[PDB]
């Protein structure tokens, strides 16, 4: 990467996986600085999307290694490194404006 890859984008999160769960879970894999869940602009419901910022690139990479395609609360997580929420924002747009749901967004 051309800059430090410290941030992970999650998609297809079960709607019970909110900020406290995310932080507790991701602390197993690296030191977590911040967690954020994205909500629908109108309903304020969970889009299955989240941002988790780590202190080190090692924490972001370990998180991706261990959680991508892992089932958490009965849904298979998508987890990838993301710069400036490029992919995360596309997924937001596809679910909110497009025809997709949180569990069917194409990644």
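Positions refer to the first chain, counted from 1.
Colleague: Which has higher Cα B-factors on average according to the PDB entry: 42 to 50 or 28 to 36?
Modeller: If you average the C-alpha B-factors of 28 to 36 and of 42 to 50, the larger mean comes out for 28 to 36.
Colleague: Can you tell me which third, lowest, middle or highest, the CA B-factor of residue 67 falls into for its chain?
Modeller: Middle third by C-alpha B-factor.
Colleague: What third of its chain, lowest, middle or highest, does the C-alpha temperature factor of residue 90 fall into?
Modeller: Bottom third by C-alpha B-factor.
Colleague: Name the third of the chain's ranked CA B-factors that contains residue 81, choosing lowest, middle or highest.
Modeller: For residue 81, the deposited C-alpha B-factor lands in the lowest third.
Colleague: Divide the modelled residues of the chain into thirds by Cα B-factor and specify which third, lowest, middle or highest, holds residue 12.
Modeller: Bottom third by C-alpha B-factor.
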